[PDB]
Structures are given as structure tokens and as C-alpha cells.
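Asks: One structure is given below, represented as C-alpha cells, and several questions about it will come after.
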Protein chains: 2
Amino acid sequence: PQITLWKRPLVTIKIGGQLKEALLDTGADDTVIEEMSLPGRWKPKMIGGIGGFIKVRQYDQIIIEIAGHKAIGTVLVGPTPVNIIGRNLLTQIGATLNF
Amino acid sequence: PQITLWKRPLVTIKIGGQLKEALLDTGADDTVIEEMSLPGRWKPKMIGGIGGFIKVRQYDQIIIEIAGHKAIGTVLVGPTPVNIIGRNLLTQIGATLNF
Ligand SMILES: CCC[C@@]1(CCc2ccccc2)CC(O)=C([C@H](CC)c2cccc(NS(=O)(=O)c3ccc(C(F)(F)F)cn3)c2)C(=O)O1
Ligand SMILES: [Cl-]
Ligand SMILES: [Cl-]
Ligand SMILES: [Cl-]
Ligand code: NA
């Protein structure tokens with residue numbers, strides 16, 4: 001689609017068998033999801049943004065469906081105030097900024 | 001332009017006659033830039049990001065060039081890891097997210 005930015009660019013995702021709402025965020029290096037269980041191994045990570053840093057769990061090789069488009073990559077899980085799809089997965093669905 | 005997301009979407013902005021680098025961030029409602037002098041009065045605001053909330057100074061009706069496009073709108077000044085152009089000015093420059 002072509003998404004205008006008059007409102008927050010929220011889309012439905014599917015991750016870990018669960019349907020969720022998430023924010024498409026061109027400013028985020030990484031994808032970070034509110035607390036949930038994911039299979040496989042993880043390791044701890046600290047990531048920074050406005051407000052400072054949070055500790056998250058880093059799960060690699062996780063498949064997510066974003067607005068109908070399948071991608072795989074690293075997903076971080078931790079106390080983010082909103083689910084965020086960042087550049088590591090936006091590239092895989094061919095997202096661009098256009099003006 | 002069409003900007004892909006394999007790297008951070010950094011562009012040149014001009015504010016107050018000074019060139020700066022800023023991040024185009026579709027996950028940001030607002031534009032927040034690092035400490036600098038702006039003209040006029042300011043109002044208080046608190047904004048949230050992934051690490052919690054920060055206090056900023058809100059300046060309205062500020063002239064700012066973004067990647068060669070003119071905008072005139074609200075700029076928040078406060079502690080921020082990078083200068084962020086959010087949706088309030090991305091809409092002024094006609095930006096959309098496409099996939
Ligand atoms: C101005 C607030 C912006 C935002 C708002 C989130 C939000 C939305 C709705 C409701 C509540 C909150 C969105 C955003 O991109 C970030 C930052 C980047 C500026 C962010 C988001 C996601 C992950 C990170 N960490 S990171 O390691 O992937 C990373 C670190 C640094 C930068 C850098 F470019 F900003 F420097 C980009 N990415 C940061 C953030 O902290 O909050
Ligand atoms: Cl769960
Ligand atoms: Cl990845
Ligand atoms: Cl504005
Ligand atoms: Na894994």
C-alpha cells in the first residue's frame with residue numbers, strides 16, 4: 001500500500017502464532033515487541049531510544065508476517081510502550097519512504 | 001526521492017541558517033531536535049519513546065528545510081539520541097511509506 005502519515009502507521013502483524021498491532025518505524029534500527037514468548041534461544045541486549053535504554057531479549061531467525069508480507073529476522077522482546085517494526089524487517093518487505 | 005531502509009534514513013536539514021543531520025522517523029508523532037537556540041516563546045511538553053518519557057521545549061511555527069523541502073511547524077527541543085523528523089513535518093513534505 002501507500003501509507004500516508006497523517007496518523008500513526010499501524011498495521012497488523014502475525015508473530016509466534018499471535019495477531020498484533022505494530023508501528024512501522026523507519027527511525028528504528030531494530031524490531032522490538034512487547035513481552036511475549038518466542039521459541040528458541042535468546043540473549044540479552046540493551047537498546048536505546050528517546051527516554052534512554054531498555055533491556056530486551058534478542059531472538060534470531062524469527063518469522064513475522066507484516067501486513068500480509070512474510071519476513072524473517074531478529075526480533076527483540078521487552079518493555080517497549082508499543083510494538084515496533086524497524087528497518088531490519090521493513091527492508092525485507094520492500095518498504096520505502098517517498099516524497 | 002525514494003529512500004530505502006538498508007541504512008538509517010538520514011537527511012540534511014536547515015534550521016536557523018545551520019545545516020544538521022536528522023533521521024526520518026515514521027514512528028515519531030513529533031519532530032525533536034538536539035539542544036539549540038530557536039526564536040520565540042516555548043511551551044512545555046512531555047513525550048514518550050522506547051526508554052520512557054522526556055521533557056522538551058515546544059516551539060511553534062519554526063521554518064525548517066528537510067532534504068530540500070520547506071516545512072514550517074512545531075519543533076521540540078530536548079535530550080534525544082539524534083535529530084528526529086516526525087510525522088508532523090513528514091506530512092508537510094509529502095512523505096509516504098510504500099510497500
Ligand atoms: C520521538 C519518539 C520516537 C519513538 C516513539 C515510540 C512510541 C510511539 C508511539 C507511542 C509511544 C512510543 C520512535 C522511535 O523511532 C524511537 C527510537 C529511535 C529514535 C527507537 C525505536 C526503536 C528501537 C530503538 N533502538 S535501536 O537500538 O533499534 C536504535 C538506536 C538508535 C537509533 C537512532 F537512529 F535514533 F540513533 C535508531 N535505532 C530506538 C523511540 O524511542 O521512540
Ligand atoms: Cl505470550
Ligand atoms: Cl535481522
Ligand atoms: Cl506542526
Ligand atoms: Na532463533
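Identifiers in this document derive from the order of the C-alpha cells: chains are assigned A, B, ..., residues are numbered from 1 separately in each chain, and ligands are numbered from 1 in order of occurrence.
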So that I can see what lies close to region 11-21 of chain A, please list as a short mmCIF file (atom, residue, chain, number, x, y, z; two decimals) with C-alpha atoms, in the first residue's frame the residues with an atom at most 8 Å from it, counting only C-alpha atoms and leaving out residues fewer than 3 positions away in the same chain.

Replies:
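Final file, result.cif:
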```cif
data_model
loop_
_atom_site.label_atom_id
_atom_site.label_comp_id
_atom_site.auth_asym_id
_atom_site.auth_seq_id
_atom_site.Cartn_x
_atom_site.Cartn_y
_atom_site.Cartn_z
CA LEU A 24 6.08 0.82 11.07
CA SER A 37 7.07 -15.89 24.50
CA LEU A 38 9.03 -16.89 21.39
CA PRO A 39 10.68 -20.22 20.65
CA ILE A 63 9.40 -15.23 11.03
CA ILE A 64 6.83 -12.43 11.05
CA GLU A 65 4.04 -11.58 8.69
CA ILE A 66 3.70 -7.78 8.31
CA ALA A 67 0.53 -6.55 6.59
CA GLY A 68 0.48 -9.81 4.62
CA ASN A 83 5.19 -2.91 19.09
#
```

Asks: Collect all residues with atoms no farther than 9 Å from ligand 5, counting only C-alpha atoms and all ligand atoms, and output them as JSON, numbers by chain.

Replies: {"A": [38, 39, 40, 41, 42, 58, 59, 60, 61, 62, 73, 74]}

Asks: Keeping C-alpha atoms for every residue in the selection just given, could you write it to a file as a PDB file, in the first residue's frame?

Replies:
```
ATOM      1  CA  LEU A  38       9.028 -16.887  21.391  1.00  0.00           C
ATOM      2  CA  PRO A  39      10.684 -20.217  20.655  1.00  0.00           C
ATOM      3  CA  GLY A  40      14.344 -20.936  20.639  1.00  0.00           C
ATOM      4  CA  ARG A  41      17.390 -19.336  22.037  1.00  0.00           C
ATOM      5  CA  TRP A  42      17.765 -15.738  23.138  1.00  0.00           C
ATOM      6  CA  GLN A  58      17.144 -10.921  21.382  1.00  0.00           C
ATOM      7  CA  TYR A  59      15.656 -13.808  19.387  1.00  0.00           C
ATOM      8  CA  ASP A  60      17.177 -14.506  15.970  1.00  0.00           C
ATOM      9  CA  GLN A  61      15.638 -16.067  12.870  1.00  0.00           C
ATOM     10  CA  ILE A  62      12.001 -15.270  13.779  1.00  0.00           C
ATOM     11  CA  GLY A  73      14.986 -11.656  11.098  1.00  0.00           C
ATOM     12  CA  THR A  74      15.906 -10.709  14.630  1.00  0.00           C
TER      13      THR A  74
END
```

Asks: For the strand (DSSP E) assignment from backbone DSSP, which residues of chain A qualify? Please present them as a ChimeraX atom specification.

Replies: /A:2-3,10-15,18-24,32-33,43-49,52-66,69-77,84-85,96-98

Asks: Compute the set of chain B residues within 7 Å of chain A, using only C-alpha atoms, and express it as an NGL selection string.

Replies: :B and (1-6 or 8 or 23-27 or 48-54 or 80-81 or 87 or 91 or 93-99)

Asks: If you run DSSP on this backbone, which residues of chain B come out as alpha helix (DSSP H), and could you give them as a ChimeraX atom specification?

Replies: /B:87-90

Asks: So how many Å separate atom 2 (C, counted along the ligand's line) of ligand 1 and CA of residue 72 (chain B), to one decimal?

Replies: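 Computed distance, atom 2 (C, counted along the ligand's line) of ligand 1 to CA of residue 72 (chain B), equals 19.6 Å.
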